[PDB]
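A quick write-up on the structure given underneath.
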Amino acid sequence: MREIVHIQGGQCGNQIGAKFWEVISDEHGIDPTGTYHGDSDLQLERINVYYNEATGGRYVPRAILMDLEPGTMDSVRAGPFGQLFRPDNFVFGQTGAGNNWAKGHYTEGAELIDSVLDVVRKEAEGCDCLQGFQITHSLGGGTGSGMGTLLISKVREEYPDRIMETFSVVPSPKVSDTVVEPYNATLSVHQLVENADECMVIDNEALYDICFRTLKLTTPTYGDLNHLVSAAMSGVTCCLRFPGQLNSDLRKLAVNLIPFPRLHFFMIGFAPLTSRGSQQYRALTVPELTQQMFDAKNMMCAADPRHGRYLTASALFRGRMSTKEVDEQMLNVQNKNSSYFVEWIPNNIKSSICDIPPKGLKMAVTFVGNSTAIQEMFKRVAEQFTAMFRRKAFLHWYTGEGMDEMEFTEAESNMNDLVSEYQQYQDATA
Amino acid sequence: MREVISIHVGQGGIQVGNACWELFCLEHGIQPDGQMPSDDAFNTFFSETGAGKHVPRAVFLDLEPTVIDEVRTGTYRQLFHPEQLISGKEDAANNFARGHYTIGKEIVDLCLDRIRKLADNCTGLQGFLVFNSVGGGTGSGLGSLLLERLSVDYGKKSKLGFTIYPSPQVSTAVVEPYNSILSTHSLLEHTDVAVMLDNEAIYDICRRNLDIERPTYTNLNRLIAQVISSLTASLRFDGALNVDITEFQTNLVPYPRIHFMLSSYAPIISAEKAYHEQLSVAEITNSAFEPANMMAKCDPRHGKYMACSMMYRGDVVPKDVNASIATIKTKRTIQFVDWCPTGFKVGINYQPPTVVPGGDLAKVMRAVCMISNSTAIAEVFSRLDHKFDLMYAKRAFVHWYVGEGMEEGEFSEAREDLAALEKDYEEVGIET
Amino acid sequence: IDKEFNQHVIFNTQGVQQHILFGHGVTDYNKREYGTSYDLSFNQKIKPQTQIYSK
Amino acid sequence: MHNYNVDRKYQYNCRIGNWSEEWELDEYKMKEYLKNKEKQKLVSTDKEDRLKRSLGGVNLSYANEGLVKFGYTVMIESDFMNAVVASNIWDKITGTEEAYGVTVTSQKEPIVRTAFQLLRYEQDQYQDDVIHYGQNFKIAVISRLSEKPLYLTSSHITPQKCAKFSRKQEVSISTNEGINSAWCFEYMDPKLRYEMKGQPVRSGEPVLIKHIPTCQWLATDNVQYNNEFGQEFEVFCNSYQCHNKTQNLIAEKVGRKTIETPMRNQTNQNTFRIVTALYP
Amino acid sequence: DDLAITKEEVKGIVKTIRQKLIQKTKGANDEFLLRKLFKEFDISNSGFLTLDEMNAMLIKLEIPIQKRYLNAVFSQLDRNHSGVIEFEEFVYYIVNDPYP
Ligand SMILES: Nc1nc2c(ncn2[C@@H]2O[C@H](COP(=O)(O)OP(=O)(O)OP(=O)(O)O)[C@@H](O)[C@H]2O)c(=O)[nH]1
Ligand SMILES: Nc1nc2c(ncn2[C@@H]2O[C@H](COP(=O)(O)OP(=O)(O)O)[C@@H](O)[C@H]2O)c(=O)[nH]1
Ligand SMILES: [Mg+2]
């Protein structure tokens, strides 16, 4: 029943998916032993969306874990909720990537991708009516940004009809963690515009800013970080799992948010986010939600959404709300933000309703938008790439594995072209 | 002996069907489980199974199964016929092309087979009613395929469309103008009578009269249900002036191209202030023609009137109805067209309106439901044409249509077809 | 060395995690609530104004 | 101008900055711990419950004239490990049927988890309650550990189901009451195994335990295993006969030996000791 | 007494109820389907079935057995003689049993 299958590669996506599956298991009342102890019948009509049924009355997530080294995967199998996954969905290499895009995409990646392709295939014909694919990865590393995107290209090749979305952890110029992000970042983003139907971006720096300013938590770790991104993960697919007054599948979100085939990069946000003090002090209301979920400092990337104009926007309310308050809030915030929204298309905002609030919450809002403010991140990426490419720094370990400067040049040119065609809409007038 | 077949396509069609048939099953005294407590006025809507329960003469269509199986788990799992709740596998995702050119055929054939079976049992079929939302992909597309299929399967049989168009500013999607224009193109040459059912105007009505700041779509479905019941009570209840559905395409349609109109109802009142007011026939007639009481976002003051079919239920008096009509004609701010000297069609029913427990409306002894066809309805078409072409100029959102199997040209023929329709309305309005 | 009481410190003294969405939480809030408009309106017949009313 | 994250920071006790948020987080953490103590799901309560139910007291029945008879509670000990067998109910074996592992442990104190009962498998010509060599019976667990009866059984070796460490024939405590419970004693020495049939079994002697459906002997090794109750070894079924081959078939043809008499020695591993109570 | 319940009739009844659950939904399922009724009505969460509870389950799953045959199958299933059936044991018998 329009089920979706999860794949993740590299320790980044591994952590993201591991915590996302914990969130979904908590929501559906599934123990780490894989046995259901929920309260409702309503948790059981849509179990097939994410969980397959096995012998003994237990459920298994339909997720694939891929990596070029077994360390992080041995960590996740030992972590909590590690017993849900079948032992057969673990695939690992003995070499690793070493932040080398060529190693993860050409030499080790190509020879290892056969098994992961086979398992994802057999699982895909496993389901009755396949709905789509979701991928979680980071473009700033080697194994993820290479092997994941190679699998993206392959899967898009054999399934041109299905819908596919990816969640990209991109390098931030401020918070630097490796010396050579821009090269493989550009290499990956080049191969995304042609295949990925949906791509939505997350940034560690701005997500830190969220944790330290809104949550005001003194010493955050990666755990609550992944918790926020996983809440964003789960908030979008609520309608496909629960009844609601306005159902909306991923295809509807796509066709309703994207005007042109090459503008499929998205900015997301989650509400209500509050500090540990005022939980009992602030009233949860649709006006307060709609106010917070359009706060620019509520987004999870360093891009400032006040620096451009929104093309399309969408809000997916969860919980029992009246439709009008949503409608008038959307129209009023549209009217008093005319200068910050594109003019040539009227009513560029989606409102969708699902009547199941999250665990421990009464209402929630997930925002997804397409704006001309995302391209500033690609200006930083392009400037860094050009600066470190002019002197040919670190080029030669790439080119010693069958690479040459042709692909680097074409990727750089294509990304600049994307930036140009994305910015020319900012000042366009009808 | 007389029956009418109901079709509920699209999500909005489903949620309006639930409320309408709850209203009818309560007012007919039949329980949700399906059998009469026993402690020939139902043949129009319910059909005896031979011994005990009654079989629905309704059909439900949608490409996504959540609403269908939710209803199957609802209170009417014991009422509805099993596989008349036809459900698909993949949602059309707000795409007219998906519902009209790739996956609509795998379900339209089943629906036509079902309607063959339902019509075969029926012996005195009067007509068809269709419920759908325009701004939805599967709704519009499947409603289209059904309409051209039934247009050649039956032909002369009458059909009425209680259709929901998107509101001017209060709307949810971004791409609804496209499939709206295509749906209107499909239905303007196939629908005998089509009414406006936008949402924000009735929302305003509820806020003004019921004094509520927080209603939801359920109240809308219930009130549309009550309007349908008021319209259809004439075929199943005794009255001094009975009006059939066949007296719609002969009294409300001056020209074949002009078959779009708007509905209104009175009185709307809560249970707190109902006993402290008059609620006279003259007052409920006057309030029915009040411009803000229109169920559609259309100003009757900006256009002429052509034909109004207004029906009373309760203990109304024909002399009082005639006096109210005389006062309405005496009033100046309502002006009719010159070539139509008489333009009122009145029916009288003796059955008082039903009240559903837990609903907003109170128990009343008089009620009137009015359907008006006016030349001012072109404003919504003009504004929808603007919302269409401003984003239609530069090939926006078009490839998700064309690469799905849609041809790029149909939007054009829709454009000049709606332009000619608007020209027709503004040509009719001139004096002779 | 701590062994048994190490559960207490890992539970209350910054273990390298966060506890089960309780940062996201809202006196006592686990309160997993669910009821759909159809499942409430037409069957148990509670007044539409009396629904919502957030609490 | 109150500003947070000011380089060096003290505890929440001080008022330097961002102390209120930290203190409230600490309060809510112990209030969640309050929830965990209000609803009986504490891990500490679980571990204490398991430990206390595992280490309950028990009395071994005394043996008169050193003759084992049906119905007593006796200790089973591997001599080669010099250690007594116990069962771990909490650990669950990998199987559709519910079965629980058994391991041998060095500590010999009488415990509920370490006690077992002897029951008559099927009605037999031996009306007297004294157990005899080569008579089928079923070992049962103490009623205190589980209200349902649990029996020690084994099923033929399969590559699908082989031991986690030993990889050999399994032994499992299961709810099955079928023929797999059929266990038989055997006297130790090679020369007299056959003729000792039909003779009373007396406690304290070195004995052999063999399964009927498989004719396999139960034994243990220095094979490592981990569970709640410390570090424990493995118990399984296997033939630890001496490796050298003997011409049993040709001895058959000549007529010197008959099959029922054994010819191959078995190592000390296979020995087991029944232990009764010291005082009545 | 008119008659005592016979073993071949018991085998026929168990074969019928054993086949009936196969027809619904998919091959891997019917275990969750049987578990789900137990969740629907096992309020105490103890994990014990009773005679009337099993009668209800059979009535839900389109199997109206006689009271006498239902007692016969109940007695055949339980050896504890406590008049209670463990749900997992019942599931294992009905679903995972090589012998008819
Ligand atoms: N009056 C009324 N209108 C509704 C209702 N539900 C949806 N709508 C209208 O339908 C429009 C969107 O289309 P939907 O009906 O939700 O969905 P659909 O017609 O099935 O088409 P898809 O979304 O592609 O599945 C909204 O703009 C609403 O105006 C309802 O319950 N009552
Ligand atoms: N949100 C999140 N980000 C992570 C995590 N682990 C690593 N990262 C980010 O990933 C970047 C390094 O990626 P890398 O490990 O080289 O990717 P790989 O080469 O594909 O494995 C760092 O800048 C981190 O910010 C995690 O668990 N959660
Ligand atoms: Mg729909």
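Each residue's number is its place along the chain shown, starting with 1.
Per deposition record, electron microscopy, 4.1 Å.
For all residues, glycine too, the Cβ spot is worked out from N, Cα and C.
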Same-site residue for GTP (record: Swiss-Prot; known: A:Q11, A:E69, A:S138, A:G142, A:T143, A:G144, A:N226; options: A:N195, A:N204, A:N256, A:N298): A:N204
Fewest other Cβ within 10 angstroms of its own Cβ, chosen from the binding-site residues A:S138, A:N204: A:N204
A:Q11, A:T143, A:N226 as binding-site residues, winner by CB count within 10 A: A:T143
Listed binding-site residues with Cβ under 6 Å from ligand 2, out of A:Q11, A:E69, A:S138, A:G144: A:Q11, A:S138, A:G144
Cβ atoms near A:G144 (GTP binding site) (within 10 Å, other residues, all chains): 32
Cβ-Cβ distance under 8 Å to A:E69 (GTP binding site), same chain, at least six residues away: A:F92, A:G93, A:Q94, A:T95, A:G96, A:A97, A:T143
Helix, strand or coil at A:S138 (GTP binding site) [DSSP, three-state]: strand
Proximal to chain C - binding-site residues among A:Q11, A:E69, A:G142, A:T143, A:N226, CB under 8 Å: none
Cβ neighbour count (within 10 Å, all chains shown) around A:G142 (GTP binding site): 24
